[PDB]
Amino acid sequence: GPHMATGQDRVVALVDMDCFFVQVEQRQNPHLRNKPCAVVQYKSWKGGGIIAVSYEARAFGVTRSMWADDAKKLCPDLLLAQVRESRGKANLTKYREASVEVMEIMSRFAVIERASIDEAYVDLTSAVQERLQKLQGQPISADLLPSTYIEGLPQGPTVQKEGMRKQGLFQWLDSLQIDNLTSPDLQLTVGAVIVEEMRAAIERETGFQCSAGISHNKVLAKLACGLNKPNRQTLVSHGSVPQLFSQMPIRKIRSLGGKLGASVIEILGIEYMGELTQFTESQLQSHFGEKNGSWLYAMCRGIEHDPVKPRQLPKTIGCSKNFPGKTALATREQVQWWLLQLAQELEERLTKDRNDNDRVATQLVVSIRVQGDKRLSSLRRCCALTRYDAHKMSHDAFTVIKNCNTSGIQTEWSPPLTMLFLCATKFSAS
DNA sequence: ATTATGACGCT
DNA sequence: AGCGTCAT
Ligand SMILES: Nc1nc2c(ncn2[C@H]2C[C@H](O)[C@@H](COP(=O)(O)NP(=O)(O)OP(=O)(O)O)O2)c(=O)[nH]1
Ligand SMILES: [Mn+2]
Ligand SMILES: [Mn+2]
């Protein structure tokens, strides 16, 4: 009872940009705004592969991983923007720079953890304590939460979406105890006020809209963020977890969408996250290992301890290209030329990183895939990265992979390469 | 012939 | 160190 810690110590937010690459292209080209729009990589094969989709286009069934030609079948007026091509490959620099814009705004409010190109976690615990001090026990007006949903409300005792949103927010605010500066529900609420301000700042200063989740840990904040996209934020309280999880497929929780989640379902004979509560911690550890078992035991009760890492910058800088089917690299000249192309992009990005961020990478990782191997990587080899020079990096990458070529002929490469990947790692302050 | 990235756990 | 998983 009283000693049963409930995982309510922290206020954590997850901010995710809506259809990010599409918004980057819509800002640059106003003709794409408020239209069914998607971003594609390449064009020759089936129109290019879609990697981002505006919400207008999603209404027609357009999705990521779809070929543009098939997307056009579902939505003939779909507009398309293509990723830049440089040195023969897709170049994502425009989106990385737009990402830095958003991350720097978020960092004004709190230290953030960059989780991907378009989303970051925020630990708002201290910021919430400060705003609570300033409030002096003043209640929180619904006017301060103009885009916030309270998951699970309204309940009990109505036709429009905004009306439902405001109804739930009213029930939530009416139930709040604002004289208690340590009430977790109040703390989450103040956290949501701050996230409204953060999202207002992002849209004002970049033009980009985003959604957000506010809860007590990273997994619940991420799940909350997805409940009311786009351009809205969602508060998931500790109390909302039993009902939320009672019908939540296990695969919806981050890290359970793959083989481990399928094994949870198959071994335990369950479907929903809430069903996990009926097992003891030792039972879960016996099936899924000590770490996973402890994590599942806490997480099905809404509890997770993973910290928001103080990290605004990526830990690695990498360059990769697939060479599918008949485009696979089958000569040594080919392999050297593409290693050089990747290495020149890497050099450019690394040099800009050293200038911006006062650090230098010290290890080069070379990954290849060989024809007939279904795995992502057929082989990974590291070597030293001592100079930001593309010719040196590509020569070293060739040296560490050249023993892969089973061809007796010096010129041919067998079996052909269907992927090259260069990744700079192990940064040190410079 | 999804592709181009990341992060992180395991041994 | 090199490999596998998860994401998207
Ligand atoms: N190169 C590449 N980029 C990708 C891929 N998948 C996603 N991206 C890029 C394109 C995406 O714009 C961006 C962010 O990924 P999300 O947050 O998963 N999707 P979004 O922000 O579009 O929509 P939502 O409103 O549902 O959050 O990453 C991929 O497979 N390859
Ligand atoms: Mn997004
Ligand atoms: Mn994202």
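Chain identifiers are assigned alphabetically (A, B, ...) following the order of the sequence lines, protein sequences preceding nucleic acid strands; residue numbering begins at 1 within each chain. Heavy-atom basis, side chains included; hydrogens, waters and symmetry copies ignored.
Between the NZ atom of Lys259(A) and the P atom of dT5(C) there is a distance of 3 Å, given to the nearest Å. At whole-Å resolution of the value, CE in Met17(A) and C1' in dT8(C) are 17 Å apart. The interatomic distance linking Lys426(A) (NZ) with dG2(C) (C1') rounds to 12 Å, in whole Å. Computed from coordinates, the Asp373(A) CG to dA1(B) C1' distance equals 17 Å when rounded to whole Å. Taking atom CG on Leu379(A) and atom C1' on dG4(C), their separation rounds to 14 Å, with Å as the unit. One can place CG of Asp70(A) at 12 Å from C1' of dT2(B), the figure rounded to the nearest angstrom. Per the geometry, NZ belonging to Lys374(A) stands 10 Å off P belonging to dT5(C), to the nearest Å. The distance between atom NZ of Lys222(A) and atom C1' of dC6(C), rounded to the nearest whole Å, is 12 Å.
The side chain of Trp67(A) places an N or O atom within less than 4.0 Å of a non-bridging phosphate oxygen (OP1 or OP2) of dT2(B).
Minimum heavy-atom separation, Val53(A) to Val62(A): CG1-O, 3.6 Å.
For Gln344(A), the side chain to side chain donor-acceptor pair (under 3.5 Å) partners two or more places apart in sequence, or in a different chain, are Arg87(A). Listed by chain and number, the residues in a side-chain contact (heavy atoms from CB on, under 4.5 Å) with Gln283(A) are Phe279(A), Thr280(A) (sequence neighbours excluded). For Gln363(A), the side-chain contact (heavy atoms from CB on, under 4.5 Å) partners at least two apart in sequence or on another chain are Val365(A), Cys382(A), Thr425(A), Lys426(A). Take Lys72(A) and apply the side chain to side chain donor-acceptor pair (under 3.5 Å) test, not counting sequence neighbours, and it matches no residue.
Every pair passing salt bridge (charged side-chain N to carboxylate O under 4.0 Å, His left out) that includes a residue from residues 296-319 of chain A is listed here, sequence neighbours excluded: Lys218(A)-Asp306(A).
Here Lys229(A) pairs with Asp18(A) in a salt bridge; the nearest charged N to carboxylate O distance falls below 4.0 Å.
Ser255(A) comes within contact range of the sugar-phosphate backbone alone, with a heavy-atom separation under 4.0 Å but no base atom that close.
For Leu260(A), the side-chain atoms get nearest to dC6(C) when compared with the rest of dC6(C), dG2(C), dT8(C).
Distance check on atom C1': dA7(C) versus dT2(B) gives 14 Å, rounded to whole Å.
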In B/S/- notation (B base, S sugar-phosphate only, - none; protein heavy atoms under 4.0 Å), nucleotides 4-11 of chain B written 5' to 3' is SBSSSS--

